[PDB]
Amino acid sequence: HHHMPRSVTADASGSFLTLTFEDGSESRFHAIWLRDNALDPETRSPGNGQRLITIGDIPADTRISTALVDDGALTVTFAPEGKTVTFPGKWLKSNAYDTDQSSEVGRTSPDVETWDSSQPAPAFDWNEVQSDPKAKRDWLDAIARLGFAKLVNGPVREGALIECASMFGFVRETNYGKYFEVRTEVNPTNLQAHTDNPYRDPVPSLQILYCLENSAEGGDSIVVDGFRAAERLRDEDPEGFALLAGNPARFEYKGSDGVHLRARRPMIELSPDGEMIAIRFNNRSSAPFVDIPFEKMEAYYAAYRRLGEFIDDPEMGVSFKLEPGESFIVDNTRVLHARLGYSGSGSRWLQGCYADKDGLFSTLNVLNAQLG
Amino acid sequence: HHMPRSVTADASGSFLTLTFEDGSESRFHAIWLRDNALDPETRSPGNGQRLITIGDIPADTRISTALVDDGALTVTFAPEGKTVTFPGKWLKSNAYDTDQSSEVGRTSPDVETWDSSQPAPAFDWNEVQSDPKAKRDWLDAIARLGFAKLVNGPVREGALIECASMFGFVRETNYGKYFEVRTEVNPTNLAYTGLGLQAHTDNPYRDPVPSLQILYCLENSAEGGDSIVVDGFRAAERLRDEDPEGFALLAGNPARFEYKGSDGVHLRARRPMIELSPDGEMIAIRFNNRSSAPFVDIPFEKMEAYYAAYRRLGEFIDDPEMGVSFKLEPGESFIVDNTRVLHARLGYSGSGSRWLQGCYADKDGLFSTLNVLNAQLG
Ligand SMILES: C[N+](C)(C)CCP(=O)(O)O
Ligand SMILES: O=C(O)CCC(=O)C(=O)O
Ligand SMILES: [Fe+2]
Ligand SMILES: [Fe+2]
């Protein structure tokens with residue numbers, strides 16, 4: 001009834017129509033938008049959903065000739081083509097644009113929930129996510145909503161992290177390989193939270209860390225929600241937030257290992273309509289900020305410092321241990337990671353790799369369709 | 001020019017003003033200079049990585065003294081009592097008090113736009129893999145121009161992967177490590193048909209978008225099947241200059257993209273057709289008629305004007321004077337910066353067969369390979 005069309009009027013111009021639903025709500029649709037979004041077999045390929053026409057193919061003077069609501073659907077005929085198409089009621093309501101578009105600068109998407117140290121680490125079973133699609137769905141949904149999740153009871157096997165990535169997507173291969181070794185000896189001698197690779201564009205969007213061996217005390221993994229840090233800055237200091245979102249920083253890795261990577265991106269990235277979409281924060285690979293005008297540099301640095309203070313706040317960190325066979329994924333466009341200090345001697349062997357979020361969301365979409 | 005003549009410090013100690021030998025002035029803040037110190041306690045000698053956090057620098061950091069000497073600036077910071085030296089060349093190269101352009105929709109200084117008046121740049125398969133100069137020049141052409149042909153290559157399946165391996169790494173996707181561009185029954189995508197394709201960037205429904213694409217010819221014996229490339233930055237520039245409001249609509253509102261071409265895949269993205277940096281520099285173009293999804297993020301009162309701007313951009317992209325056209329022969333390929341340069345093909349039919357192979361790679365690898373080659377060759 002929210003989605004059941006009742007009636008329609010076409011404007012005298014034919015430039016738009018106004019659809020009334022059974023609950024009394026109205027939604028206006030332009031002729032050009034309706035024509036471009038026609039769902040019939042000659043606009044959208046039945047076999048693959050690809051649109052068969054370009055914007056150039058649609059006559060510039062396209063108008064609604066006539067329209068009618070009947071049996072839960074809208075019939076519309078366009079001029080000058082003479083093309084008649086029908087739209088289900090549910091589709092029109094779901095794809096409506098005649099609505100109040102939220103414009104709040106720095107807002108998070110409704111699909112994510114921000115967190116601090118009160119958030120327990122989401123934890124899922126390695127075997128369950130492979131054999132139970134509901135478990136797999138919930139695992140990937142946790143990564144989508146919260147930006148991280150643990151996988152426990154996995155195999156103590158080299159390269160197992162690559163198998164984890166392959167459950168939903170594909171590894172971003174780099175000059176270090178499809179995965180890399182993180183070996184640590186801790187002894188008396190003795191042998192900040194960040195996002196990885198802000199000097200890569202596009203940034204690798206997921207990171208996996210997988211434990212094979214751990215005999216050292218302490219050194220718990222920590223995750224910090226970049227969106228929560230940014231939210232706190234926005235609420236306290238909107239001008240400071242605007243500075244970090246409104247000017248690009250520079251990142252560079254120029255090692256002796258034959259990799260020289262640079263990127264020009266802001267530390268807080270917004271969509272053009274103000275939604276917070278990414279965080280880049282890494283002290284080790286920050287490079288000279290050449291793009292910020294002189295008049296803003298002092299205040300930019302003050303805001304940068306303040307963001308760092310929120311990131312350094314121990315009340316923001318979620319900490320956990322990785323036993324052999326355990327791993328975690330972070331959304332590397334949002335959630336920062338680090339570890340706590342070691343409190344005892346021993347050895348550690350982790351493996352690390354990157355994967356991409358587009359594959360994760362596709363797999364999640366496919367699972368939601370299969371389960372719903 | 002990069003030789004410092006003299007320096008003054010502000011009363012607060014918050015910045016200094018450096019005057020060079022050509023009369024030019026550049027101001028540098030105390031905090032920015034301290035944060036960019038090049039000494040072994042701020043930057044690693046081994047890899048150049050920064051050894052401090054922003055929190056480690058005292059909040060009241062200020063210039064206690066500054067002097068010019070031997071073509072360099074020596075500065076002491078309070079309260080650390082830390083003295084560092086910056087070469088004049090470094091200060092000039094990394095200056096931010098430069099009156100940076102705020103022209104909305106300007107391109108990066110490192111790119112050069114083009115239309116049909118420039119013939120396609122071409123490089124040789126054997127030369128780029130055997131001569132480091134040729135490799136550098138090839139990769140640098142892709143970096144600057146967003147497009148290059150690689151000719152005289154082998155007529156061998158999977159040769160495009162060897163091409164990718166010359167500079168970087170394959171972005172493997174749902175479509176495969178590489179994909180077969182040929183007519184398929186029950187096609188999952190109109191790329192796999194005999195139909196002509198409007199100029200487009202691949203996978204605007206994928207976030208992150210693949211940043212490079214390789215297209216490699218094995219057979220092209222049918223009538224038609226010509227390749228065309230269009231510089232999306234040139235198209236965007238033309239819209240910017242002709243119609244500022246239209247340009248602003250396409251840069252300032254997200255579009256939607258969606259691919260659901262078979263069971264087992266559902267890719268969606270929410271990104272503008274013209275992506276700008278927050279300071280107005282052009283970053284990326286996303287344009288693909290086949291996978292543009294319903295635009296739900298544009299206010300009702302702006303939708304008609306948005307569509308008019310979209311139409312106009314399409315007219316620039318379809319303009320034959322913007323397209324660089326060629327027909328690939330067996331063993332020839334090209335690479336596009338898939339964030340910038342659009343590609344197209346004319347439909348094909350009749351006697352003959354067409355078989356291209358395609359894959360994605362990433363620019364970060366290309367830039368690293370190029371950067372390393374530039375260090376080694378000069
Ligand atoms: C891999 N592919 C079928 C060539 C993609 C074409 P797009 O859907 O990106 O236009
Ligand atoms: O067939 C061609 O020349 C190009 C097809 C294409 O656009 C693609 O494979 O992405
Ligand atoms: Fe890391
Ligand atoms: Fe394509």
# chains A, B, ... in the order shown; residues from 1 in each chain; ligands from 1
>>> closest_atom_pairs(of="chain B", to="chain A", cutoff="6 Å", atoms="only C-alpha atoms", output="CSV")
residue,atom,partner,partner_atom,distance
B:47,CA,A:255,CA,4.1
B:49,CA,A:284,CA,5.2
B:50,CA,A:284,CA,4.4
B:53,CA,A:283,CA,5.4
B:54,CA,A:305,CA,5.7
B:94,CA,A:290,CA,5.9
B:96,CA,A:290,CA,4.5
B:97,CA,A:294,CA,5.2
B:188,CA,A:48,CA,5.3
B:206,CA,A:358,CA,5.8
B:207,CA,A:358,CA,5.6
B:252,CA,A:272,CA,4.9
B:253,CA,A:272,CA,5.8
B:261,CA,A:48,CA,4.0
B:264,CA,A:366,CA,6.0
B:265,CA,A:362,CA,5.7
B:266,CA,A:362,CA,4.7
B:267,CA,A:362,CA,5.2
B:278,CA,A:246,CA,4.9
B:279,CA,A:247,CA,5.8
B:289,CA,A:54,CA,5.5
B:290,CA,A:51,CA,4.3
B:291,CA,A:50,CA,5.9
B:296,CA,A:97,CA,4.7
B:300,CA,A:98,CA,5.0
B:311,CA,A:55,CA,5.8
B:364,CA,A:200,CA,5.8
B:368,CA,A:260,CA,4.8
>>> residues_around(residues="residue 268 of chain B", least_positions_apart="2", cutoff="6 Å", atoms="only C-alpha atoms", output="list in words")
residues 205, 257 and 258 of chain B
>>> closest_atom_pairs(of="chain A", to="ligand 3", cutoff="8 Å", atoms="only C-alpha atoms and all ligand atoms", output="JSON lines")
{"residue": "A:194", "atom": "CA", "partner": "ligand 3", "partner_atom_place_in_ligand_line": "1 (Fe)", "distance": 6.5}
{"residue": "A:195", "atom": "CA", "partner": "ligand 3", "partner_atom_place_in_ligand_line": "1 (Fe)", "distance": 6.5}
{"residue": "A:196", "atom": "CA", "partner": "ligand 3", "partner_atom_place_in_ligand_line": "1 (Fe)", "distance": 5.0}
{"residue": "A:337", "atom": "CA", "partner": "ligand 3", "partner_atom_place_in_ligand_line": "1 (Fe)", "distance": 6.5}
{"residue": "A:338", "atom": "CA", "partner": "ligand 3", "partner_atom_place_in_ligand_line": "1 (Fe)", "distance": 6.7}
>>> write_last_selection(atoms="N, CA, C and O atoms", output="tab-separated table (two decimals), in the first residue's frame")
chain	number	residue	atom	x	y	z
A	194	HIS	N	46.61	2.65	12.04
A	194	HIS	CA	46.70	3.16	10.69
A	194	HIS	C	45.88	2.34	9.72
A	194	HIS	O	45.54	1.19	10.00
A	195	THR	N	45.56	2.95	8.58
A	195	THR	CA	45.11	2.23	7.40
A	195	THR	C	46.35	1.90	6.57
A	195	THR	O	47.30	2.69	6.54
A	196	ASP	N	46.34	0.75	5.89
A	196	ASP	CA	47.47	0.38	5.04
A	196	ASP	C	47.40	1.03	3.67
A	196	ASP	O	46.32	1.21	3.10
A	337	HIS	N	44.11	-0.27	12.00
A	337	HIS	CA	44.61	-1.34	12.84
A	337	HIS	C	46.01	-1.08	13.37
A	337	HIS	O	46.78	-0.29	12.81
A	338	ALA	N	46.33	-1.77	14.46
A	338	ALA	CA	47.64	-1.72	15.08
A	338	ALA	C	47.75	-2.95	15.98
A	338	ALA	O	46.92	-3.86	15.89
>>> residues_around(residues="segment 27-32 of chain B", least_positions_apart="5", cutoff="7 Å", atoms="only C-alpha atoms", output="PDB file with N, CA, C and O atoms, in the first residue's frame")
ATOM      1  N   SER B  14      55.413  31.405  14.052  1.00  0.00           N
ATOM      2  CA  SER B  14      54.529  30.406  13.436  1.00  0.00           C
ATOM      3  C   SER B  14      54.888  30.111  11.979  1.00  0.00           C
ATOM      4  O   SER B  14      54.545  29.045  11.469  1.00  0.00           O
ATOM      5  N   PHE B  15      55.568  31.041  11.309  1.00  0.00           N
ATOM      6  CA  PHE B  15      56.073  30.799   9.956  1.00  0.00           C
ATOM      7  C   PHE B  15      57.297  31.652   9.651  1.00  0.00           C
ATOM      8  O   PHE B  15      57.617  32.590  10.390  1.00  0.00           O
ATOM      9  N   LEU B  16      57.981  31.295   8.568  1.00  0.00           N
ATOM     10  CA  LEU B  16      59.064  32.097   8.012  1.00  0.00           C
ATOM     11  C   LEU B  16      58.774  32.383   6.542  1.00  0.00           C
ATOM     12  O   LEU B  16      57.993  31.667   5.908  1.00  0.00           O
ATOM     13  N   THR B  17      59.391  33.440   6.019  1.00  0.00           N
ATOM     14  CA  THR B  17      59.253  33.820   4.616  1.00  0.00           C
ATOM     15  C   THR B  17      60.625  33.711   3.971  1.00  0.00           C
ATOM     16  O   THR B  17      61.552  34.419   4.360  1.00  0.00           O
ATOM     17  N   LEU B  18      60.749  32.815   2.997  1.00  0.00           N
ATOM     18  CA  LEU B  18      62.001  32.589   2.286  1.00  0.00           C
ATOM     19  C   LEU B  18      61.966  33.352   0.967  1.00  0.00           C
ATOM     20  O   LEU B  18      61.023  33.195   0.194  1.00  0.00           O
ATOM     21  N   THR B  61      55.015  24.229  18.738  1.00  0.00           N
ATOM     22  CA  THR B  61      56.224  24.252  17.922  1.00  0.00           C
ATOM     23  C   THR B  61      56.282  25.550  17.125  1.00  0.00           C
ATOM     24  O   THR B  61      55.287  25.988  16.548  1.00  0.00           O
ATOM     25  N   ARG B  62      57.461  26.155  17.124  1.00  0.00           N
ATOM     26  CA  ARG B  62      57.667  27.483  16.571  1.00  0.00           C
ATOM     27  C   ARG B  62      59.116  27.623  16.138  1.00  0.00           C
ATOM     28  O   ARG B  62      59.978  26.866  16.577  1.00  0.00           O
ATOM     29  N   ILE B  63      59.371  28.585  15.263  1.00  0.00           N
ATOM     30  CA  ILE B  63      60.718  28.858  14.774  1.00  0.00           C
ATOM     31  C   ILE B  63      61.399  29.769  15.792  1.00  0.00           C
ATOM     32  O   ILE B  63      60.936  30.888  16.006  1.00  0.00           O
ATOM     33  N   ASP B  97      52.987  27.501  -0.548  1.00  0.00           N
ATOM     34  CA  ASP B  97      52.629  28.907  -0.723  1.00  0.00           C
ATOM     35  C   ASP B  97      52.980  29.294  -2.161  1.00  0.00           C
ATOM     36  O   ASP B  97      53.976  29.971  -2.420  1.00  0.00           O
TER      37      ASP B  97
END
>>> residues_around(residues="residue 373 of chain B", least_positions_apart="4", cutoff="9 Å", atoms="only C-alpha atoms", output="VMD selection string")
chain B and resid 132 to 133 135 to 136 368 to 369 377 to 378
>>> residues_near_ligand(ligand="ligand 1", cutoff="9 Å", atoms="only C-alpha atoms and all ligand atoms", output="VMD selection string")
(chain A and resid 50) or (chain B and resid 173 to 176 178 to 181 188 to 192 197 200 to 206 259 261 288 to 291 357 to 360)
>>> residues_around(residues="residue 248 of chain B", least_positions_apart="4", cutoff="10 Å", atoms="only C-alpha atoms", output="list in words")
residues 104, 105, 239, 240, 243, 244, 252, 253, 274, 306 and 309 of chain B
>>> write_last_selection(atoms="N, CA and C atoms", output="short mmCIF file (atom, residue, chain, number, x, y, z; two decimals), in the first residue's frame")
data_model
loop_
_atom_site.label_atom_id
_atom_site.label_comp_id
_atom_site.auth_asym_id
_atom_site.auth_seq_id
_atom_site.Cartn_x
_atom_site.Cartn_y
_atom_site.Cartn_z
N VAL B 104 37.95 24.87 -10.92
CA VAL B 104 37.19 23.63 -10.73
C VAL B 104 37.21 22.86 -12.04
N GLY B 105 37.51 21.57 -11.94
CA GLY B 105 37.61 20.72 -13.12
C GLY B 105 38.92 20.83 -13.89
N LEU B 239 32.77 20.28 -21.44
CA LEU B 239 31.54 20.57 -20.68
C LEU B 239 31.77 21.67 -19.65
N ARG B 240 32.89 21.60 -18.94
CA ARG B 240 33.30 22.62 -17.95
C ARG B 240 33.31 24.02 -18.57
N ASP B 243 29.57 24.86 -20.23
CA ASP B 243 28.40 24.80 -19.35
C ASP B 243 28.82 24.48 -17.92
N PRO B 244 29.33 25.49 -17.19
CA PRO B 244 29.74 25.33 -15.79
C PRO B 244 28.68 24.68 -14.90
N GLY B 252 28.87 17.00 -8.91
CA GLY B 252 28.35 17.22 -7.55
C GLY B 252 27.25 16.31 -7.05
N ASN B 253 26.76 15.40 -7.90
CA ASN B 253 25.73 14.44 -7.52
C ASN B 253 26.22 13.04 -7.86
N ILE B 274 31.61 12.45 -12.99
CA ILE B 274 32.86 13.20 -12.95
C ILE B 274 33.28 13.30 -11.49
N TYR B 306 20.25 17.76 -14.82
CA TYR B 306 21.24 16.69 -14.71
C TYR B 306 21.26 15.86 -16.00
N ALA B 309 22.79 17.74 -18.90
CA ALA B 309 24.26 17.72 -18.79
C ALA B 309 24.84 16.36 -19.18
#
>>> decode(residues="segment 135-152 of chain A", atoms="C-alpha atoms", output="PDB file, in the first residue's frame")
ATOM      1  CA  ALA A 135      26.839 -18.040   8.627  1.00  0.00           C
ATOM      2  CA  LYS A 136      28.719 -16.778   5.552  1.00  0.00           C
ATOM      3  CA  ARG A 137      26.103 -14.040   5.061  1.00  0.00           C
ATOM      4  CA  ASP A 138      26.330 -12.900   8.718  1.00  0.00           C
ATOM      5  CA  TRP A 139      30.153 -12.906   8.563  1.00  0.00           C
ATOM      6  CA  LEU A 140      30.226 -10.682   5.454  1.00  0.00           C
ATOM      7  CA  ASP A 141      27.379  -8.501   6.810  1.00  0.00           C
ATOM      8  CA  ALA A 142      29.446  -7.806   9.967  1.00  0.00           C
ATOM      9  CA  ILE A 143      32.343  -6.650   7.781  1.00  0.00           C
ATOM     10  CA  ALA A 144      29.889  -4.474   5.782  1.00  0.00           C
ATOM     11  CA  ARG A 145      28.234  -2.902   8.881  1.00  0.00           C
ATOM     12  CA  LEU A 146      31.134  -2.695  11.352  1.00  0.00           C
ATOM     13  CA  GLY A 147      34.196  -2.855   9.066  1.00  0.00           C
ATOM     14  CA  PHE A 148      35.816  -5.856  10.759  1.00  0.00           C
ATOM     15  CA  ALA A 149      35.295  -9.473  11.814  1.00  0.00           C
ATOM     16  CA  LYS A 150      37.291 -12.395  13.248  1.00  0.00           C
ATOM     17  CA  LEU A 151      37.357 -15.880  11.730  1.00  0.00           C
ATOM     18  CA  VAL A 152      38.242 -18.616  14.263  1.00  0.00           C
TER      19      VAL A 152
END
